[PDB]
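Have a look at the structure that comes next, please.
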Amino acid sequence: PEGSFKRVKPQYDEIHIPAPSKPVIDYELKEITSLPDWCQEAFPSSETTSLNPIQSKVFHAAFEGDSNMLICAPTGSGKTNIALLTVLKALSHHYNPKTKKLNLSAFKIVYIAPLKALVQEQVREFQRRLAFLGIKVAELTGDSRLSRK
Amino acid sequence: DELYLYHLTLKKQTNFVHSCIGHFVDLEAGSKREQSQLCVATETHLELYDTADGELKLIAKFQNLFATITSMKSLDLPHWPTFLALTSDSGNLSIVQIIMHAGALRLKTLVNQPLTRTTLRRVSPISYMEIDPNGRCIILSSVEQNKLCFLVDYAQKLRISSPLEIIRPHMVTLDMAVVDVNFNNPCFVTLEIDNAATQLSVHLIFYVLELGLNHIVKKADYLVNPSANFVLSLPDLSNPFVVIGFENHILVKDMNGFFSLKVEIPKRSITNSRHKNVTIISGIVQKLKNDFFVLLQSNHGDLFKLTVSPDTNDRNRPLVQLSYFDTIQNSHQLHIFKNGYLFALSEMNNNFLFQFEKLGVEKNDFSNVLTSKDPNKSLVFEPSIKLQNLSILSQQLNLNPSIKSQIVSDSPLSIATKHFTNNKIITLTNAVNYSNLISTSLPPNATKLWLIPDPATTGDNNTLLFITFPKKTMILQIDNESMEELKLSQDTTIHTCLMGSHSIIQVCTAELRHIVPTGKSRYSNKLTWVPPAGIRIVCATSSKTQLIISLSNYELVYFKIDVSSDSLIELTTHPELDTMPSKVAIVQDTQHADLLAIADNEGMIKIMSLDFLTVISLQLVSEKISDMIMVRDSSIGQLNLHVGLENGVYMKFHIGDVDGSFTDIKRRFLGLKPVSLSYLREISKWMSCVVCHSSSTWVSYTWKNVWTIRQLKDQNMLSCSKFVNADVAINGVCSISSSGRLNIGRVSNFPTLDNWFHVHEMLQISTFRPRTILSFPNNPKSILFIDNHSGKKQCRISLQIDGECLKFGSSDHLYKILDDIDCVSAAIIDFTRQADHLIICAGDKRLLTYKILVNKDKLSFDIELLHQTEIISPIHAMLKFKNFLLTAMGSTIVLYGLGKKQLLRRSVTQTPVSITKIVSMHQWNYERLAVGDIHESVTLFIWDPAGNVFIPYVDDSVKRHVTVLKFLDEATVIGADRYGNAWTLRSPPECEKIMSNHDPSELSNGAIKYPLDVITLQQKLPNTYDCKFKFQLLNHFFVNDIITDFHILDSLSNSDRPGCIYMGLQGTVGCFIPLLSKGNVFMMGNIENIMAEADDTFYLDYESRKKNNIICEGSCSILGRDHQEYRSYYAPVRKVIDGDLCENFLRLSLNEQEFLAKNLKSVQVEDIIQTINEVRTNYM
Amino acid sequence: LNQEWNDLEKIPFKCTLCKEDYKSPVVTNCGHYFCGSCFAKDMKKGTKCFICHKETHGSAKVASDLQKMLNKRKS
Amino acid sequence: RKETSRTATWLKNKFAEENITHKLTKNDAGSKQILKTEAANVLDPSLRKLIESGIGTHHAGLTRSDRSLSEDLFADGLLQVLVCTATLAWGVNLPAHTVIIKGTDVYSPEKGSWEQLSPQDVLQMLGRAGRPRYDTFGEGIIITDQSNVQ
Ligand SMILES: [Zn+2]
Ligand SMILES: [Zn+2]
């Protein structure tokens, strides 16, 4: 990307690549009062009261539709709020609007992760954030099918 | 009851006497080697300049040497930098390599060989040092007796051979110049004159070191006429030839005597007034591509070129040719780089760097060129002011002589003085140079001011400028060449700032407001916060992405702009406080900031953390805080709390980032008025400073690991904020004058400790060489100037009041020219209160009195002749005694009044027998005199009315040659010598009781009851104790300049300690500050003792760490000299503690500082550095 | 060898000024300890410690470590 | 883990020829006495020398006691350098302005021979470049062989 230049030094050769400028910002960052009241508690507004740009564009796709989604973002781009919209998507079906309670036994939703140490970070987040619905998240040890309960 | 003084060298001596040409340090470039770079020394001082950028840059100034450098020559030795070989006082030959260590250039020593004894003394082999051009051997000489030759070698470490001696007993030596050689065997040539003989015969003598047998042989000895002046080496002629400058002609001589060629040196046409026989003072040789030519210059500055040509017709034998070049001002020494650039080191001031394009008139012309064909013939030329052959490229302003000066503007400390060869005024000030441009009238009564890059136009230079009034608030818009006017105007504005990007927030007393850009000129308000019950907001501060406000008393409120967007989320929760916040501060540079700072009306400061908030610290400070700021400077990363106060005291604090502690309190007192700081970002590497508004503005930057509050030439600025624009703006700053008038400025020079005084005001030479400077007694600073012609005796007078000069009457000219008068010494004196008179002494022994008339206001000056008065003596000194001229004839004092038709002698006093002349004199409140002598020391007098005479009461013990003399006080005196000493003399208390309890008429005759002892000293010693009392020497100290003026200042920049700032001949300013403590003088003492022998301590640790487990003994002092031995010199120092040695302690690495400081049971390094740095900040 | 020629509690619990319980505690560059009201009042007269008579410079830390060791639970 | 304390102590010395303190750590006034008391709780005497000088160490060979201590320092700012293994980059969230990846070589017990660092690592390590709250931009630095530069 333009701005790159090479400094030739005696032992080694540097390549400096300049940092990218912030993008062209448009449309609207989605609002936290725009959520269904049952899922409004999952997103603490105090630090945000909005969604960042990455999670703002994926909204109508994710939370308003069932289609297949491939979301390619950078690192530290807030996966945990993204994929949790898709969680709240599938929770609405099995959710009873009349009584604020939920049907637990109907569904399973599976979150793959590349490493085991990176699993446990995710599990802590879904456990702390979604605890208000009485949803129990757990890692899968599955050893000798001892945990099938 | 003593007087303890502290010495600083404010501006270092600028007569550059030595130079050397090589490549010393590899700087900024991984691999680069180029012979273009030069090091220049003067006795104490030493500096390094670079070239090849086309213009001479300063790279480094090194630590203070404390010795007398008597020679310097680069030695470039085969198989590697070059390291300047440096011989001095201390009789050490010291080969020094300037090197890079820690982060800054240092001057590191390799080999210091012992020679003879420490002083500058005739036998000792220094003052002539010339080096084999290839680097085989150094050779030294003396005047008279011995000459040495050391034989250099390089290995894993540089190595010197034992010396090679020759001693010729009676021969005083002049001009040692050295012959290049192709590796044969090093030769050198001198002009020696015998000391004991009936007639003057000064003969040229060749020496050849024979490497084979290893001793110095005397090859040829030729007697030349007594006029001989200097020698120079002619390279090859392919038995080497030398060019010997006589008075009105040149020779060249071969060593074997085969050829002696005369070329009568050319001459000017005019030959003005006194005309010496001419001579030749410099003579480089620069050879390229068979082209052999040599630049050879004369007294008058004329510059000639020789070539030596085969003379094909006769045989192949030399032909010598003198032709003319550009000329220039006189040059102590000349050098030519491998580049075409030329460097001329001027003697009287202002060194230069030329490049020569033309390379002179060809050998062909028989018109303007002389030859060796017949020696008897003479050419005349007309010196060309055009300067065709050379080109200036560069200059360096030096004040080599400064014969007189005045102080103008005590508080910023400006010094007015002349410039010797240029003859233009030079005002040398301490402040921060602030240029003004495009002021504009603002409506009445503005207070603060702000600036924000304009969010409306994103990617445009436009910028919002805010003002505020107590009732009203004004706004304005900025772009290059376009400044126009344009968001709440009916309420006062506490704080306004930018948040995130493309947003604004304006806090006003009654309510907040949040703004955002819309389109171009329109700004909506997204929201407005309001106090819950209605309340006045006391103070509001902000960060980049963050915000704080404080209401009346109870609570504090916290905002954060939301990420990914533009929003303000208030808290929810708001903390409480004990008392009313007066003001607040948070760092505004970074997009998040820890540690708010809360202030009170109670008079203390608390700190706040952003777990979350907890009050981590307290400082209890005097008066209520008027204002405060917090700033982090990038380099050290130290986070500083800058606290103004009401009553004028300014303060600063180091802040801990993690803990929150307050340390390193730094206070100051600037003006009388509450302070109200403001903040900026500048250069000179990037930098930040916080100006301070008071009766006058103080900028308060920090250079590397010091910080210096200063003043600024603009009287005052009520608020100041950075500004960026075209016309190209760096350092540019906009502000509001105390008249309430918007204007722009560019802050230029800052006084770093390295320079500290910023000077302000083809080839430029004036014919009038200045003489003296005066000041009107009543008009506090309106300075008068007088010059003298070099030529037909003539004198010009030029006055200036305030900023810039005056016109003469209605004339064009800004000066007057008196004819047939030349001023030996002048003084302006008011015989009556309503007029001022001028007094000149011609050399003719006539005393002329003019009258000064300022128009006020045309304004212009007129000078008006009155009298002519005849005199016996030359009158080297006169001053204003009550109503009268007090003039000093050679022997005697004379006291003149004013009369019609002439001035007439109102009194006379014969002097006691010792005094032959009176070189200078000065008074105390019309009661007393002090009278210096050429040779004898000093005397005090008393004015006795009814006796109509002065009667001496006190004399001195030792012989001291005074140049200048003053009164710090009524019982004491400060002085100088021709030889560099600076001393203070106090009159004893035995004499103070008596002079206090009696009326002066009694001293001459009549009854004073003198103790038994004192009389018996008169009878026992009629010569010594004549007076009959003696000063007790009070201080004595040695500064190698010749001090011309002392100026006793009551204060420097509001400092409490009254200083006395002297100024020297070779150019200097220094000061003696009294230390008023008994506590400080102890500490400073301990620090002078620490740094004084450091080079000995390091060396003992090295020796003893080799014994069981900084190589040279003079490592830390770089030359051998002990300090006390140097600073003592003529006579031992008394109470003056050297503050320019104490100041090298700042320049050491931390390892070395903490090594030296281990010797003190007392405080740590940090506290030393505190103490040392205190003197420039608080005491001047 | 003493040359004339040339669980310790060093913390008083009640103040040296209040002679009362430490409230809004304060630390100096010493191990000195006071109330927020204590230390502010001493500087109204004294330049230095009420104890050492060393230079405080009005410098006072929030002393929460005191409340810790004045807790039964420490930190 | 071994290269860690080796790289850490090498930098500690490499400063000793030139400059330390003001570069390596903060002011000695308040913070040194904070660092001292926190450097007395470290279990491995190796780190005790480093951590006092301003260079931290984070690797799973350390007990969870110290690996928390080294973070608390480096979080509050008392450490200007933290030399780590890939373990930091995965589980722990510890943002810093700049991240240097020294060498691309890792051993692969499958293949029984050394290999090059993998993208999902390199991408993961540099996820810690810059702190979201403060710094407007992060900076990564990769020091490797000429061939890897492709
Ligand atoms: Zn108390
Ligand atoms: Zn104490």
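Nothing in this text is a laboratory measurement; each read-out follows from the coordinates by a stated rule. Here the Cβ is made from the backbone with ideal geometry for all residues, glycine too, and neighbour counts use every protein chain on show.
Taking the Cα-to-Cβ direction at B:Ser435 and at B:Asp291 and moving 7 Å from each Cα, how far apart do the two end points lie in nm?
3.9
Based on Cβ point charges of +1 for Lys and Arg and -1 for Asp and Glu, what charge dipole magnitude is obtained for chain B about its Cα centre, in debye rounded to the nearest 20?
Taking the Cα centre of chain B as origin, the dipole is about 1980 debye.
Please enumerate, by chain and number, the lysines with C-alpha under 17 Å from the C-alpha of D:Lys2, excluding those fewer than 8 residues away in the same chain.
D:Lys12, D:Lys49, D:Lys102
May I ask you to evaluate 6.51 cos²θ - 1.76 cosθ + 1.60, the Karplus curve with θ = phi - 60°, for each residue of the stretch A:54-68 and list the ³J(HN,Hα) values in order in whole Hz, giving x for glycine and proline?
Result, rounded to whole Hz: 5, 7, 7, 6, 6, 4, 3, 4, 4, 6, 9, x, 9, 5, 4.
Between beta-carbons, use under 11 Å as the cut-off and find the net charge around B:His502, counting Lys and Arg +1, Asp and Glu -1.
Details: positive: none; negative: B:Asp454, B:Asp566.
Net of charged neighbours comes to -2.
Within a Cβ distance under 13 Å of B:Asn445, other residues only, what is the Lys/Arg minus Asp/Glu net charge?
Details: positive: B:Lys448, B:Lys471, B:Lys472, B:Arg741; negative: none.
Charge balance near B:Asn445 sits at +4.
Straight-line reach from A:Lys149: which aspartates and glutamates have a Cα under 18 Å away, not including same-chain ones fewer than 8 places off?
Result set, ordered by chain and number: A:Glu139.
For A:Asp26 and D:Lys102, what does the FRET efficiency come to when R0 = 45 Å and r is the distance between their Cβ atoms, rounded to the nearest 0.05?
On the way: r = 41 Å, r/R0 = 0.91.
So the FRET efficiency works out to roughly 0.65.
Which of the trypsin sites (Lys or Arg not before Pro) across the stretch B:1028-1090 are loop residues per DSSP, with 14 or fewer other Cβ within 10 Å?
B:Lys1078
While we're on this one: How many Å³ per residue does the convex hull of the Cα positions in the protein assembly as shown occupy? The partial results should precede the final answer.
Details: hull volume 454.9 nm³, N = 1554.
Hull volume over Cα atoms, normalised by residue count, gives 293 Å³.
Ranked by Cβ crowding within 10 angstrom, fewest neighbours first, how are B:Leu191, C:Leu1 ordered? Write out the running numbers ahead of the final one.
Values: B:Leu191 21, C:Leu1 2.
The most exposed by this proxy come first: C:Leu1, B:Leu191.
How far apart, in nm, are two points set 7 Å out from the Cα along the Cα-to-Cβ line at B:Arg905 and at C:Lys44?
7.5
By average Cβ neighbour count within 10 Å, what is the ranking of B:417-423, A:114-120, B:468-474, B:1010-1016 from highest down?
The densest-packed peptide leads the list: B:417-423, B:468-474, A:114-120, B:1010-1016.
DSSP beta bridges in chain D, what fraction antiparallel, as a percent rounded to 5?
Close to 30 percent.
Right, another one. With charges set only on the Cβ (+1 for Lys and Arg, -1 for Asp and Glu), what does the dipole of chain D come to about its Cα centre, in debye to the nearest 20?
Rounded to the nearest 20 debye, it is 300 debye.
Is the C-alpha gyration tensor of chain B telling us rounded, prolate or oblate? Criteria: a/c under 1.5 is rounded; beyond that, a/b larger than b/c is prolate, otherwise oblate.
Prolate, since a/c reaches 1.5 and a/b exceeds b/c.
Hey, another quick one. Rounded, prolate or oblate: which one fits chain A, using the alpha carbon gyration tensor with axes a ≥ b ≥ c (rounded when a/c is under 1.5, else prolate when a/b beats b/c, else oblate)? All intermediate terms of the calculation are to be shown ahead of the outcome.
Values: a/c = 2.92, a/b = 1.58, b/c = 1.85.
Oblate, because a/c is 1.5 or more while a/b does not exceed b/c.
Report, to the nearest 10°, how far helix D:2-16 tilts away from the longest principal axis of the Cα atoms in chain D, using its own Cα long axis and a range of 0 to 90°.
The angle comes out at about 50 degrees.
Pairs B:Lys12/B:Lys704; B:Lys560/C:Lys61; B:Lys722/D:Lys26; B:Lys57/B:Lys685; B:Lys685/B:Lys713: which are spaced more than 26 Å apart, C-alpha to C-alpha?
Correct reply: B:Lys560/C:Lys61; B:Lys722/D:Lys26.
So which GluC sites (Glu not before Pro) in the stretch B:963-1040 are both in a DSSP loop and have at most 15 other Cβ atoms within 10 Å of their Cβ? Intermediate results must be reported in sequence, preceding the final value.
On the way: sites: B:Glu970, B:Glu990, B:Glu992, B:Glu1002; in loops: B:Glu970.
Passing sites in the stretch B:963-1040 are B:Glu970.
Check each of the GluC sites (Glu not before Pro) in the stretch D:1-88 and keep only those in coil by DSSP with at most 10 other C-beta atoms within 10 angstrom; list them in order.
In loop regions of the stretch D:1-88 (DSSP not H, G, I, E or B), the sparsely surrounded GluC sites (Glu not before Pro) are D:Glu17.
Using a 7 Å offset from the Cα along the Cα-to-Cβ direction at both B:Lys338 and B:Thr614, what is the distance between the two label points in nm, to one decimal?
My value for the distance between the label points is 6.6 nm.
Does the stretch B:1-148 come out rounded, prolate or oblate, given a ≥ b ≥ c as the square roots of the eigenvalues of its C-alpha gyration tensor, rounded meaning a/c under 1.5 and, failing that, prolate meaning a/b above b/c?
Note, shape of the stretch B:1-148 comes out oblate.
Which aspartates and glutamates, if any, have their Cα less than 14 Å from the Cα of B:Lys959, not counting same-chain residues under 8 positions apart?
B:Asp933, B:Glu936, B:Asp977
Given a Förster distance of 35 angstrom, what is the FRET efficiency for B:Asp727 paired with B:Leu571, based on the Cβ-Cβ distance and rounded to 0.05? Show your work: numbers first, answer last.
Details: r = 46 Å, r/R0 = 1.31.
The calculated FRET efficiency here is 0.15.
I'd like to know how chain D sits against the 2.2 N^0.38 Å rule of thumb: what's its Cα Rg over that expected value?
Cα-based Rg divided by the globular estimate yields 1.09.
A further question follows. I need B:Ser71, A:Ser67 ordered by Cβ neighbour count within 10 Å, fewest first.
Starting with the residue having the fewest Cβ neighbours, the order is A:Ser67, B:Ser71.
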